[PDB]
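First the proteins, then the strands, lettered A, B, ... as listed; each starts at 1. We count ligands from 1, going down the list as the structure has it; atoms in each ligand are counted the same way. In what follows, every heavy atom counts, from backbone to side chain, and hydrogens, waters and symmetry copies are set aside.
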Amino acid sequence: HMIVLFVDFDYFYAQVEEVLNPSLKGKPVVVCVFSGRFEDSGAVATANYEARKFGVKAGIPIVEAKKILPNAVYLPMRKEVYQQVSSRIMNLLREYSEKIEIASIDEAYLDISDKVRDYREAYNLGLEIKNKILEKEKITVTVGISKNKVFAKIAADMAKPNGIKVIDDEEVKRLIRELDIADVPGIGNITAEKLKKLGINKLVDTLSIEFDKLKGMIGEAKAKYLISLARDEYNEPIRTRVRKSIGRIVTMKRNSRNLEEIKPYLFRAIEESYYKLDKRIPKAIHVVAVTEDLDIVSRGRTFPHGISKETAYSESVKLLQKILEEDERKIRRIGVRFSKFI
DNA sequence: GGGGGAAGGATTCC
DNA sequence: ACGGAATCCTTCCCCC
Ligand SMILES: Nc1nc2c(ncn2[C@H]2C[C@H](O)[C@@H](COP(=O)(O)OP(=O)(O)OP(=O)(O)O)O2)c(=O)[nH]1
Ligand SMILES: [Mg+2]
Ligand SMILES: [Mg+2]
Ligand SMILES: [Mg+2]
Ligand SMILES: [Mg+2]
């Protein structure tokens, strides 16, 4: 039918930092995104397992991590460095399959269907792949294998860290009845909560609800998706994803509604967005703002032609004025998003 | 009635 | 309480 091998690097940023300076190995390490409002304002991109053990993890405020692990090593996120180490590892996986889908900066799916036969062999390719990457980049990863992407992913979540796991057809059927619906990719709190209200705490539970009811509660897309899995029929193909948006949105020292105060961060945001666009030309631009109450508002425009930096500079100000004009709150984080490339 | 698109937002964490 | 980016949903539009 189809065999899928999913790969997710371990505590990726923190692991790259250790590779670049092995002396860190053994110590708790926290990679941070310092927002700049004060001393250690900002959040944790991620931490290695040593630190993750005391609750220090992605999303919590640096200050909170500091309280728990005052003597851990705190490093600023250096996405560029990790990005290259990522590309290299992606180039290796290509040697095992042309059918490759690079999900994120740290996980990719490979269709090894017409490359291996039966799971025992798939599992072997898994080990080679792990030992390979460990050899070249000295980066440990986890591998998950199953009949479709989703389950492949879940097998890896189950196998982390530095593991490898196969979820065969018999287990897929068991998991469908056992797996907690919220442990299914694409199911966050918002959706999980709504799901409980229909008494659907497991994948299988969805097979006993009028589709119309589901659709109405969580949307057609999410419902078809879920019923599909439950039905042991989910089978999305593994295709390379193509970049559709490029943008950057920074945090200001202090909240504001003053145009001459905000402009600079905005122009800074446009600049980085363009050096990142590289040779790509966008016809759509969106100015995004995170209000003081962490709400997210946006205004944009699509031109019948590509956008030059001059046009973006000028047009973003208008959109920014539209936002202040249309929203009473102060602005906390401001930025831009370019899309609809030519 | 409904195709086709653009805009603002919701939800996910891929 | 950081932040990059995809997918999907609702509403509004113009029009045949
Ligand atoms: N800046 C930032 N980075 C994040 C955030 N969440 C995750 N990341 C980064 C850090 C990870 O190295 C990279 C991959 O994330 P994963 O969720 O797959 O976990 P990671 O590999 O970090 O640890 P793992 O051993 O898989 O549990 O994504 C976030 O909220 N902000
Ligand atoms: Mg990972
Ligand atoms: Mg990942
Ligand atoms: Mg979940
Ligand atoms: Mg994660």
> Between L324(A) and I331(A), what is the shortest heavy-atom contact and its length?
Replying inline: CD2-CG1, 3.8 Å
> Under 4.0 Å from ligand 1, counting heavy atoms only, is it the side chain of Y82(A), its backbone, both or neither?
Replying inline: neither
> What part of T142(A) sits under 4.0 Å from ligand 1 if we count only heavy atoms: the side chain, the backbone, both or neither?
Replying inline: neither
>> Using a plain distance cutoff, I'd like to know if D8(A) has any nitrogen or oxygen under 3.5 Å from a nitrogen or oxygen of ligand 1.
In response: yes
> Which word best sums up how the rings of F6(A) and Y109(A) line up, parallel for under 30°, tilted for 30 to 60°, or perpendicular for over 60°?
Replying inline: tilted
> Quick one: does ligand 1 sit under 4.0 Å from the side chain of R52(A), the backbone, both or neither, non-hydrogen atoms only?
Replying inline: side chain
> Can an N, O or S atom be found in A182(A) less than 2.8 Å away from the Mg ion (ligand 4)?
Replying inline: yes
> Just which atoms of ligand 1 are under 4.0 Å from any heavy atom in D106(A)?
Replying inline: 14 (C), 18 (O), 21 (O)
> Which residue from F12(A), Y13(A), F9(A) reaches closest to atom 9 (C) of ligand 1 through any of its heavy atoms?
Replying inline: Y13(A)
>> Below 30° counts as parallel, above 60° as perpendicular, anything between as tilted: where do the rings of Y82(A) and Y13(A) land?
In response: parallel
> By number and element, which atoms of ligand 1 are closer than 4.0 Å to a non-hydrogen atom of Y49(A)?
Replying inline: 24 (P), 25 (O), 27 (O)
> What are the atoms of ligand 1, with element, lying closer than 4.0 Å to any heavy atom of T46(A)?
Replying inline: 10 (C), 12 (O), 22 (O)
> Any side-chain heavy atom of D295(A) within less than 4.5 Å of one from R329(A)?
Replying inline: yes
> How many angstroms lie between atom CG of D180(A) and atom CG of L175(A), to the nearest 0.5 angstrom?
Replying inline: 11.5 Å
> Does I262(A) offer a backbone N or O that forms a donor-acceptor pair with the side chain of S256(A) under 3.5 Å?
Replying inline: no
>> My understanding is that only one of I129(A), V4(A), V143(A) makes a side-chain contact (heavy atoms from CB on, under 4.5 Å) with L110(A); could you say which?
In response: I129(A)
>> To the closest 0.5 Å, what do you measure between CG (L5(A)) and OG (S146(A))?
In response: 11.0 Å
>> Please compare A45(A), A47(A), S86(A), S104(A) and report which has the shortest non-hydrogen distance to atom 3 (N) of ligand 1.
In response: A45(A)
> Do any N/O/S atoms of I187(A) come under 2.8 Å of the Mg ion (ligand 4)?
Replying inline: yes
> Which atoms of ligand 1 sit under 4.0 Å from any heavy atom of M77(A)?
Replying inline: 1 (N)
